[PDB]
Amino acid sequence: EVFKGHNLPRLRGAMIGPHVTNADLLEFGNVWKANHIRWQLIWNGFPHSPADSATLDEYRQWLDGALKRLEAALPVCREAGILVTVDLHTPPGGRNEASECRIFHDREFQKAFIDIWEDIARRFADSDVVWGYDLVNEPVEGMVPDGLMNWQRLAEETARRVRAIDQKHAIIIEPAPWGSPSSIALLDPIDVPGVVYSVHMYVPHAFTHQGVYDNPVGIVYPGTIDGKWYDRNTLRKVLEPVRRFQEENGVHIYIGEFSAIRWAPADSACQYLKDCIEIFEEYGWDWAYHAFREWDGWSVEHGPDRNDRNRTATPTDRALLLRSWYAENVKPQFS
C-alpha cells in the first residue's frame, strides 16, 4: 500500500560517476548484481561548481550535454537490469560561498529549476528504466527572500508540475538542509502522489570524511567520536527521525548516498557500511552506496592507504559486503 514506484522487494545499488562507461554499467548490473544506480547530473564537483558563476544559458548548455549521456545510458542500464534515479546534483545557478542554492535566492534560477524539471520529466516520462526523479541533491536554503519559495513550497510546486507530465515515476524529495537525517523532521509531507523521501547517511562526518578536507585521520569505528560513543545503536538513533517520518506518514524511504572513506582505520569503514545497510534493511529502505567508480576515496575497489590510488589486487571486505547484499536483489523485468 506504501508507494515505492517499483515492483521489486528492494533497490540496492550505487551512485555512479558522470564518466561511467557502458562496460562499467553492464559489469555492475550483470556481474555485481546491483539493480539500481543513482545518476548524478553534476557539473564537475559538489558542493562547489562552475554552475556557481555560470549564466542560465551556460548552465542549460552544460545540462543538455549531461542529459544526452544519461539518455544514451538508459538502454545499457536496461540490458544490465538496473533502474535509475535521475539526480539533479548541480541545480541552475549552483551555490553561493556558503553552499546555499541559488534556486532559493534568485527569481531567474528558481523559475529555471521548475522549467528544467518539466523538460526532464517530458524527456523521460515513458522510460521504464528511470525509477525516480531526485529533484535536487542536498538542498540548502539559507535566507529565502520575500517573494521566493523556500524548499517546502518549491518542492511542492516542482513535484506538482512533474506529476502533471509524468504518471509513472517516483518523485524523490530530500529534506533541507543537506538531505541530512536530522533535516527530515523539518519537512512536511508534500501533497502530490507518488512521492518517495530520501536522506544521505554520513553521520558522523568526523569519521566518514576523515582525511578529507582538513578532517584528521585515525578515527576508529566503533568508538568514541565527537565525544560520543558510536556503534550500530548510535546509528539507529541518528536515523530515528527518518524511521518516525516513514511510520507516521506511511511513506517510502530511499538512501540516495551513504559511505565511509576507504582509508578509515582497520575494518572501520566496512563495519560502518555493514551497520548502515543492516538498519536500512530492517526498515525496508532502498539504497545507493556512494560510489561505484567515482572518486577513489569512496571506492570499494581501492585500499586502506590514502596515498595509494591503485585498485586493489583482490576484493576488499567492503566490496564483498556490497556484493553479498546485491546478491539478494531481484532484477527489474522489462517488456
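Start at 1 and count along the sequence shown; that's the residue number.
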With B-factors read from the PDB entry, the higher C-alpha mean of 32-40 and 296-304 is in 296-304
Mean Cα B-factor check, 320-328 vs 18-26, entry values; winner is 18-26
Among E138, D134, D146, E257, highest Cα B-factor in the entry goes to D146
Among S183, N215, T234, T208, the highest C-alpha B-factor in the PDB entry belongs to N215
Of the three thirds of Cα B-factor ranks in this chain, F109 occupies the middle
Binned into thirds over the chain's modelled residues, the C-alpha B-factor of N249 lands in the highest
Of the three thirds of the chain ranked by Cα temperature factor, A288 occupies the lowest
So, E157's CA B-factor, relative to its chain, sits in which third? The middle
Chain thirds by Cα B factor, record data; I225 belongs to the highest
